[PDB]
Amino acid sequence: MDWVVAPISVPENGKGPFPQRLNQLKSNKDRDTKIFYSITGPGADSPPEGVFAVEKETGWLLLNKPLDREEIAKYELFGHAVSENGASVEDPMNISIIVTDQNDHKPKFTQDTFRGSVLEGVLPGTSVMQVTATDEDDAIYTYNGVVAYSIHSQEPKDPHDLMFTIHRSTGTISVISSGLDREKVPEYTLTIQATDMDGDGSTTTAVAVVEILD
């Protein structure tokens, strides 16, 4: 019994040490004769060369240096088996390296101050504005690139505190109170925050200023 295909999933920024053993190739001509293993492809013998190698006789696939997913997220190499008489009896084997994400990028708001406006009598639940923070990490297979939004605080507290909320995923800020009145309060300042790993990672801070309209 065997795997139909076995990609190797390798976290970026490994400590190693290097060179680091990945998995071991085995030719089909096992007992018979002496086999020599080689590999080819982008990452081995074309750009970028020598990121991967193979032990000619064993043939342990080796990683020679830490990877960076945001540079190259996937490698596709080929493994070759050749006897000491130069003959092969098997096709190249597809070797697939999937570089898995680490949380090596901090979230960044696209602006340090966001601006919105809202009419003094709208229905509670009404969208006021939407803020955005980006993260270069992967947000498809990991949370490392996924930002969770929050509001740290709000000024002034008039009529009262907690007049707005922000959607945790979308960053749409909403008003959740009646009693907006420019006359008493023309503008609100909210500290907003975004935290990667969907709330568990690191945080960054910006300001949202909400103008009350007539």
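Numbering starts at 1 and follows the sequence shown.
Identify the stretch, either 22-30 or 43-51, whose C-alpha atoms have the larger mean B-factor according to the entry.
-> Higher mean C-alpha B-factor in the PDB entry: 22-30.
Average Cα temperature factor in the PDB entry - higher stretch of 68-76, 85-93 = That would be 85-93.
Quick one: which of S169, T165, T189, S38 shows the highest Cα temperature factor in the PDB entry?
-> Spelled out: the listed residue with the top C-alpha B-factor is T189.
Among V185, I173, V147, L61, single out the one with the highest C-alpha B factor in the record, please.
-> If I rank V185, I173, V147, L61 by C-alpha B-factor, first place goes to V185.
Please place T100 in the lowest, middle or highest third of its chain by C-alpha B factor as given in the entry.
-> Ranked within chain, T100 CA B lands in the lowest tercile.
CA B-factor placement of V210, once the chain's modelled residues are sorted into thirds | Its C-alpha B-factor, which the entry lists for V210, ranks in the highest third among residues of this chain.
Position of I8 among the chain's modelled residues by C-alpha B-factor, lowest, middle or highest third = Ranked within chain, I8 CA B lands in the lowest tercile.
Ordered by C-alpha B-factor within the chain, which third holds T134? Give me lowest, middle or highest, please.
-> For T134, the deposited C-alpha B-factor lands in the lowest third.
Select lowest, middle or highest to describe the third in which the CA B-factor of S117 falls within its chain in this entry.
-> According to the entry, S117 has a C-alpha B-factor in the chain's highest third.
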